[PDB]
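Trainee: Data file my_file08.cif (mmCIF, N, CA, C and O atoms) is appended below.
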data_upload
loop_
_atom_site.label_atom_id
_atom_site.label_comp_id
_atom_site.auth_asym_id
_atom_site.auth_seq_id
_atom_site.Cartn_x
_atom_site.Cartn_y
_atom_site.Cartn_z
N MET A 1 -28.66 53.73 67.56
CA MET A 1 -27.29 54.28 67.48
C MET A 1 -26.50 53.97 68.75
O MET A 1 -25.40 54.48 68.95
N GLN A 2 -27.06 53.13 69.60
CA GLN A 2 -26.37 52.74 70.83
C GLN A 2 -25.65 51.42 70.63
O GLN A 2 -26.17 50.50 69.99
N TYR A 3 -24.46 51.33 71.19
CA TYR A 3 -23.64 50.13 71.08
C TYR A 3 -23.11 49.73 72.45
O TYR A 3 -22.76 50.60 73.26
N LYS A 4 -23.06 48.43 72.70
CA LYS A 4 -22.57 47.91 73.98
C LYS A 4 -21.20 47.27 73.82
O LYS A 4 -20.84 46.79 72.74
N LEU A 5 -20.44 47.26 74.91
CA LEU A 5 -19.16 46.58 74.95
C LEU A 5 -19.11 45.63 76.14
O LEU A 5 -19.29 46.04 77.28
N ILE A 6 -18.88 44.36 75.85
CA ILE A 6 -18.75 43.35 76.89
C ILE A 6 -17.28 43.01 77.10
O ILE A 6 -16.64 42.39 76.25
N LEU A 7 -16.75 43.44 78.22
CA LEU A 7 -15.35 43.22 78.54
C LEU A 7 -15.18 41.92 79.32
O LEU A 7 -15.68 41.78 80.44
N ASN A 8 -14.50 40.96 78.69
CA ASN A 8 -14.11 39.73 79.37
C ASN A 8 -12.59 39.64 79.45
O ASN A 8 -11.95 38.92 78.68
N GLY A 9 -12.02 40.42 80.35
CA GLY A 9 -10.59 40.40 80.56
C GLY A 9 -10.21 39.44 81.66
O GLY A 9 -11.09 38.90 82.35
N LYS A 10 -8.92 39.22 81.85
CA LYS A 10 -8.45 38.26 82.84
C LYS A 10 -8.65 38.79 84.26
O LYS A 10 -8.69 38.03 85.22
N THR A 11 -8.77 40.11 84.37
CA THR A 11 -9.05 40.74 85.65
C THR A 11 -9.93 41.98 85.44
O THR A 11 -9.84 42.96 86.19
N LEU A 12 -10.79 41.92 84.43
CA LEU A 12 -11.66 43.04 84.10
C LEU A 12 -12.90 42.56 83.36
O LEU A 12 -12.88 42.40 82.14
N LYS A 13 -13.97 42.31 84.10
CA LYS A 13 -15.23 41.91 83.49
C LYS A 13 -16.26 43.02 83.68
O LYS A 13 -16.40 43.56 84.78
N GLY A 14 -16.95 43.38 82.61
CA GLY A 14 -17.95 44.43 82.70
C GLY A 14 -18.61 44.72 81.38
O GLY A 14 -18.42 43.99 80.41
N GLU A 15 -19.39 45.80 81.33
CA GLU A 15 -20.09 46.18 80.11
C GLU A 15 -20.30 47.69 80.08
O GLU A 15 -20.73 48.29 81.06
N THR A 16 -19.98 48.30 78.95
CA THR A 16 -20.16 49.74 78.78
C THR A 16 -21.02 50.04 77.56
O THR A 16 -21.35 49.14 76.79
N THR A 17 -21.40 51.30 77.41
CA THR A 17 -22.26 51.71 76.31
C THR A 17 -21.75 52.99 75.66
O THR A 17 -21.06 53.78 76.31
N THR A 18 -22.06 53.19 74.39
CA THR A 18 -21.74 54.44 73.72
C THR A 18 -22.72 54.69 72.59
O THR A 18 -23.38 53.77 72.11
N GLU A 19 -22.83 55.94 72.17
CA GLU A 19 -23.75 56.32 71.11
C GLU A 19 -22.96 56.74 69.88
O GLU A 19 -22.32 57.80 69.87
N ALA A 20 -22.99 55.91 68.84
CA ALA A 20 -22.21 56.16 67.65
C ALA A 20 -23.03 55.83 66.40
O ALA A 20 -23.81 54.89 66.40
N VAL A 21 -22.84 56.62 65.35
CA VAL A 21 -23.62 56.46 64.13
C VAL A 21 -22.97 55.46 63.17
O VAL A 21 -23.55 55.13 62.13
N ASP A 22 -21.79 54.96 63.52
CA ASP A 22 -21.07 54.04 62.65
C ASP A 22 -20.40 52.95 63.48
O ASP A 22 -19.87 53.22 64.56
N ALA A 23 -20.42 51.72 62.95
CA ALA A 23 -19.88 50.56 63.65
C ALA A 23 -18.37 50.67 63.84
O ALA A 23 -17.83 50.21 64.84
N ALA A 24 -17.68 51.28 62.87
CA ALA A 24 -16.24 51.43 62.97
C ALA A 24 -15.90 52.51 63.98
O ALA A 24 -14.92 52.41 64.71
N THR A 25 -16.73 53.55 64.03
CA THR A 25 -16.59 54.60 65.02
C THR A 25 -16.75 54.01 66.42
O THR A 25 -15.92 54.23 67.30
N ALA A 26 -17.82 53.23 66.61
CA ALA A 26 -18.09 52.58 67.89
C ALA A 26 -16.96 51.63 68.27
O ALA A 26 -16.51 51.62 69.42
N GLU A 27 -16.50 50.85 67.30
CA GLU A 27 -15.41 49.91 67.52
C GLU A 27 -14.14 50.64 67.93
O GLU A 27 -13.43 50.20 68.83
N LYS A 28 -13.86 51.76 67.28
CA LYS A 28 -12.68 52.55 67.59
C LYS A 28 -12.77 53.13 69.00
O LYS A 28 -11.79 53.11 69.75
N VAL A 29 -13.95 53.63 69.36
CA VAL A 29 -14.17 54.17 70.70
C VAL A 29 -13.98 53.09 71.75
O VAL A 29 -13.28 53.29 72.75
N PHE A 30 -14.58 51.93 71.51
CA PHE A 30 -14.46 50.81 72.44
C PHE A 30 -13.04 50.26 72.49
O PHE A 30 -12.59 49.83 73.55
N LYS A 31 -12.34 50.27 71.37
CA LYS A 31 -10.96 49.80 71.34
C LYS A 31 -10.08 50.74 72.15
O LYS A 31 -9.25 50.30 72.94
N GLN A 32 -10.29 52.04 71.97
CA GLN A 32 -9.58 53.05 72.74
C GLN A 32 -9.86 52.87 74.23
O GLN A 32 -8.95 52.91 75.07
N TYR A 33 -11.14 52.66 74.56
CA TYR A 33 -11.57 52.47 75.94
C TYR A 33 -10.92 51.21 76.53
O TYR A 33 -10.38 51.24 77.64
N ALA A 34 -10.95 50.13 75.76
CA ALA A 34 -10.35 48.88 76.18
C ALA A 34 -8.86 49.06 76.42
O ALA A 34 -8.36 48.70 77.48
N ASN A 35 -8.17 49.66 75.46
CA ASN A 35 -6.73 49.90 75.57
C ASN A 35 -6.39 50.71 76.82
O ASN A 35 -5.43 50.40 77.52
N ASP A 36 -7.18 51.74 77.10
CA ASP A 36 -6.96 52.55 78.29
C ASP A 36 -7.21 51.72 79.55
O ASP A 36 -6.66 52.00 80.62
N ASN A 37 -8.04 50.68 79.43
CA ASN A 37 -8.29 49.76 80.53
C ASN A 37 -7.33 48.57 80.50
O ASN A 37 -7.45 47.65 81.31
N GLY A 38 -6.37 48.60 79.57
CA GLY A 38 -5.34 47.57 79.53
C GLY A 38 -5.65 46.42 78.58
O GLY A 38 -4.83 45.53 78.40
N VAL A 39 -6.82 46.46 77.95
CA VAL A 39 -7.26 45.36 77.10
C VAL A 39 -7.02 45.67 75.62
O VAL A 39 -7.57 46.64 75.09
N UNK A 40 -6.20 44.86 74.96
CA UNK A 40 -5.96 45.02 73.53
C UNK A 40 -4.70 45.83 73.29
O UNK A 40 -4.60 46.48 72.23
N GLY A 41 -6.92 41.51 73.00
CA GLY A 41 -8.05 40.61 73.13
C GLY A 41 -8.65 40.21 71.80
O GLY A 41 -8.37 40.83 70.77
N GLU A 42 -9.45 39.16 71.82
CA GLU A 42 -10.15 38.71 70.63
C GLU A 42 -11.53 39.35 70.59
O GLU A 42 -12.31 39.23 71.53
N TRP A 43 -11.83 40.04 69.50
CA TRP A 43 -13.04 40.84 69.41
C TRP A 43 -14.10 40.16 68.56
O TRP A 43 -13.87 39.84 67.39
N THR A 44 -15.25 39.92 69.17
CA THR A 44 -16.39 39.37 68.46
C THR A 44 -17.48 40.43 68.34
O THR A 44 -17.54 41.36 69.15
N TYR A 45 -18.33 40.33 67.33
CA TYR A 45 -19.31 41.36 67.07
C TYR A 45 -20.68 40.76 66.76
O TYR A 45 -20.82 39.94 65.85
N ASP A 46 -21.68 41.19 67.52
CA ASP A 46 -23.06 40.80 67.26
C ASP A 46 -23.85 42.03 66.80
O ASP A 46 -23.94 43.02 67.52
N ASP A 47 -24.40 41.97 65.59
CA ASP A 47 -25.09 43.11 65.00
C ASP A 47 -26.57 43.10 65.33
O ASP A 47 -27.28 44.07 65.06
N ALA A 48 -27.05 42.00 65.89
CA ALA A 48 -28.45 41.91 66.29
C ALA A 48 -28.72 42.78 67.52
O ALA A 48 -29.66 43.57 67.53
N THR A 49 -27.89 42.64 68.54
CA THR A 49 -28.06 43.40 69.77
C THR A 49 -27.09 44.57 69.85
O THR A 49 -27.03 45.29 70.85
N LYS A 50 -26.33 44.75 68.76
CA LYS A 50 -25.36 45.84 68.63
C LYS A 50 -24.35 45.79 69.78
O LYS A 50 -24.23 46.74 70.57
N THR A 51 -23.62 44.69 69.87
CA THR A 51 -22.68 44.49 70.96
C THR A 51 -21.32 44.02 70.46
O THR A 51 -21.23 43.16 69.58
N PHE A 52 -20.26 44.61 71.01
CA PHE A 52 -18.90 44.14 70.78
C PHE A 52 -18.43 43.41 72.02
O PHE A 52 -18.65 43.87 73.14
N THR A 53 -17.78 42.27 71.84
CA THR A 53 -17.30 41.50 72.98
C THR A 53 -15.80 41.30 72.89
O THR A 53 -15.27 40.92 71.84
N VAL A 54 -15.11 41.56 73.99
CA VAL A 54 -13.67 41.39 74.03
C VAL A 54 -13.30 40.21 74.91
O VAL A 54 -13.65 40.17 76.08
N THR A 55 -12.61 39.25 74.32
CA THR A 55 -12.16 38.09 75.05
C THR A 55 -10.64 38.12 75.18
O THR A 55 -9.92 37.82 74.23
N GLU A 56 -10.16 38.51 76.35
CA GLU A 56 -8.72 38.62 76.57
C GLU A 56 -8.13 37.25 76.87
O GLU A 56 -7.65 36.59 75.93
#
Produce structure tokens that represent the structure in this file.

Mentor:
Amino acid sequence: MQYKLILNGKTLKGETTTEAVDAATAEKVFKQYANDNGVXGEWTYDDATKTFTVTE
């Protein structure tokens, strides 16, 4: 139930984590987080390692 976020912004590179029971819930949380950090970017999703990647 853990999901990662890989931030590749023009001035913001990093990775965060959250615990969510649904991929859309996790995506929404990460999108909110990204937006608060100024990002949103092109969003890619890997379901093998449960990671969302943002390419600004």

Trainee: Do you have the atom O of residue 20 of chain A-atom O of residue 52 of chain A distance handy?

Mentor: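 Between these atoms lies a distance of 13.9 Å.
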
Trainee: If DSSP is run on the backbone, what residues of chain A are strand (DSSP E)? A reply as JSON, numbers by chain would be ideal.

Mentor: {"A": [2, 3, 4, 5, 6, 7, 8, 13, 14, 15, 16, 17, 18, 19, 42, 43, 44, 45, 46, 51, 52, 53, 54, 55]}

Trainee: Keeping only N, CA, C and O atoms, write the selected residues to a file as a tab-separated table (two decimals), in the coordinates of the input.

Mentor:
chain	number	residue	atom	x	y	z
A	2	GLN	N	-27.06	53.13	69.60
A	2	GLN	CA	-26.37	52.74	70.83
A	2	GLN	C	-25.65	51.42	70.63
A	2	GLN	O	-26.17	50.50	69.99
A	3	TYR	N	-24.46	51.33	71.19
A	3	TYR	CA	-23.64	50.13	71.08
A	3	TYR	C	-23.11	49.73	72.45
A	3	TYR	O	-22.76	50.60	73.26
A	4	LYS	N	-23.06	48.43	72.70
A	4	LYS	CA	-22.57	47.91	73.98
A	4	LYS	C	-21.20	47.27	73.82
A	4	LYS	O	-20.84	46.79	72.74
A	5	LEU	N	-20.44	47.26	74.91
A	5	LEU	CA	-19.16	46.58	74.95
A	5	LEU	C	-19.11	45.63	76.14
A	5	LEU	O	-19.29	46.04	77.28
A	6	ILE	N	-18.88	44.36	75.85
A	6	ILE	CA	-18.75	43.35	76.89
A	6	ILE	C	-17.28	43.01	77.10
A	6	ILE	O	-16.64	42.39	76.25
A	7	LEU	N	-16.75	43.44	78.22
A	7	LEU	CA	-15.35	43.22	78.54
A	7	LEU	C	-15.18	41.92	79.32
A	7	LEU	O	-15.68	41.78	80.44
A	8	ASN	N	-14.50	40.96	78.69
A	8	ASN	CA	-14.11	39.73	79.37
A	8	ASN	C	-12.59	39.64	79.45
A	8	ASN	O	-11.95	38.92	78.68
A	13	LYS	N	-13.97	42.31	84.10
A	13	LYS	CA	-15.23	41.91	83.49
A	13	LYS	C	-16.26	43.02	83.68
A	13	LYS	O	-16.40	43.56	84.78
A	14	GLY	N	-16.95	43.38	82.61
A	14	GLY	CA	-17.95	44.43	82.70
A	14	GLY	C	-18.61	44.72	81.38
A	14	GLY	O	-18.42	43.99	80.41
A	15	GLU	N	-19.39	45.80	81.33
A	15	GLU	CA	-20.09	46.18	80.11
A	15	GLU	C	-20.30	47.69	80.08
A	15	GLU	O	-20.73	48.29	81.06
A	16	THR	N	-19.98	48.30	78.95
A	16	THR	CA	-20.16	49.74	78.78
A	16	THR	C	-21.02	50.04	77.56
A	16	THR	O	-21.35	49.14	76.79
A	17	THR	N	-21.40	51.30	77.41
A	17	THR	CA	-22.26	51.71	76.31
A	17	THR	C	-21.75	52.99	75.66
A	17	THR	O	-21.06	53.78	76.31
A	18	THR	N	-22.06	53.19	74.39
A	18	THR	CA	-21.74	54.44	73.72
A	18	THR	C	-22.72	54.69	72.59
A	18	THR	O	-23.38	53.77	72.11
A	19	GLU	N	-22.83	55.94	72.17
A	19	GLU	CA	-23.75	56.32	71.11
A	19	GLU	C	-22.96	56.74	69.88
A	19	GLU	O	-22.32	57.80	69.87
A	42	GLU	N	-9.45	39.16	71.82
A	42	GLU	CA	-10.15	38.71	70.63
A	42	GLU	C	-11.53	39.35	70.59
A	42	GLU	O	-12.31	39.23	71.53
A	43	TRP	N	-11.83	40.04	69.50
A	43	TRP	CA	-13.04	40.84	69.41
A	43	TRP	C	-14.10	40.16	68.56
A	43	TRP	O	-13.87	39.84	67.39
A	44	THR	N	-15.25	39.92	69.17
A	44	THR	CA	-16.39	39.37	68.46
A	44	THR	C	-17.48	40.43	68.34
A	44	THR	O	-17.54	41.36	69.15
A	45	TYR	N	-18.33	40.33	67.33
A	45	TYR	CA	-19.31	41.36	67.07
A	45	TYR	C	-20.68	40.76	66.76
A	45	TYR	O	-20.82	39.94	65.85
A	46	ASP	N	-21.68	41.19	67.52
A	46	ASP	CA	-23.06	40.80	67.26
A	46	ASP	C	-23.85	42.03	66.80
A	46	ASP	O	-23.94	43.02	67.52
A	51	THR	N	-23.62	44.69	69.87
A	51	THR	CA	-22.68	44.49	70.96
A	51	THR	C	-21.32	44.02	70.46
A	51	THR	O	-21.23	43.16	69.58
A	52	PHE	N	-20.26	44.61	71.01
A	52	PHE	CA	-18.90	44.14	70.78
A	52	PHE	C	-18.43	43.41	72.02
A	52	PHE	O	-18.65	43.87	73.14
A	53	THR	N	-17.78	42.27	71.84
A	53	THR	CA	-17.30	41.50	72.98
A	53	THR	C	-15.80	41.30	72.89
A	53	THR	O	-15.27	40.92	71.84
A	54	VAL	N	-15.11	41.56	73.99
A	54	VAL	CA	-13.67	41.39	74.03
A	54	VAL	C	-13.30	40.21	74.91
A	54	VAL	O	-13.65	40.17	76.08
A	55	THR	N	-12.61	39.25	74.32
A	55	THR	CA	-12.16	38.09	75.05
A	55	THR	C	-10.64	38.12	75.18
A	55	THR	O	-9.92	37.82	74.23

Trainee: What gap, in Å, lies between atom O of residue 1 of chain A and atom N of residue 18 of chain A?

Mentor: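 Answer for the atom O of residue 1 of chain A to atom N of residue 18 of chain A separation: 6.5 Å.
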
Trainee: Find the spatial neighbours of residue 8 of chain A, counting only N, CA, C and O atoms, within a cut-off of 4.5 Å - ignore same-chain residues fewer than 6 positions away - and output them as a PyMOL selection string.

Mentor: chain A and resi 54-56

Trainee: If you count only N, CA, C and O atoms, which residues fall within 7 Å of residue 2 of chain A, apart from same-chain ones fewer than 5 positions away, as number ranges by chain?

Mentor: A: 17-21, 49-51

Trainee: Env of residue 16 of chain A: 4.5 Å cut, atoms = only N, CA, C and O atoms, seq-sep filter 6 positions within chain, self excluded. Answer as a PyMOL selection string.

Mentor: chain A and resi 3-5

Trainee: Please, could you write that set of residues out with N, CA, C and O atoms as an mmCIF file, in the frame of the given file?

Mentor:
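And here is the file that came out, part-v2.cif:
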data_model
loop_
_atom_site.group_PDB
_atom_site.id
_atom_site.type_symbol
_atom_site.label_atom_id
_atom_site.label_comp_id
_atom_site.auth_asym_id
_atom_site.auth_seq_id
_atom_site.Cartn_x
_atom_site.Cartn_y
_atom_site.Cartn_z
ATOM 1 N N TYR A 3 -24.460 51.330 71.190
ATOM 2 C CA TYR A 3 -23.640 50.130 71.080
ATOM 3 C C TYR A 3 -23.110 49.730 72.450
ATOM 4 O O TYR A 3 -22.760 50.600 73.260
ATOM 5 N N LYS A 4 -23.060 48.430 72.700
ATOM 6 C CA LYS A 4 -22.570 47.910 73.980
ATOM 7 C C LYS A 4 -21.200 47.270 73.820
ATOM 8 O O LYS A 4 -20.840 46.790 72.740
ATOM 9 N N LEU A 5 -20.440 47.260 74.910
ATOM 10 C CA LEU A 5 -19.160 46.580 74.950
ATOM 11 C C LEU A 5 -19.110 45.630 76.140
ATOM 12 O O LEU A 5 -19.290 46.040 77.280
#
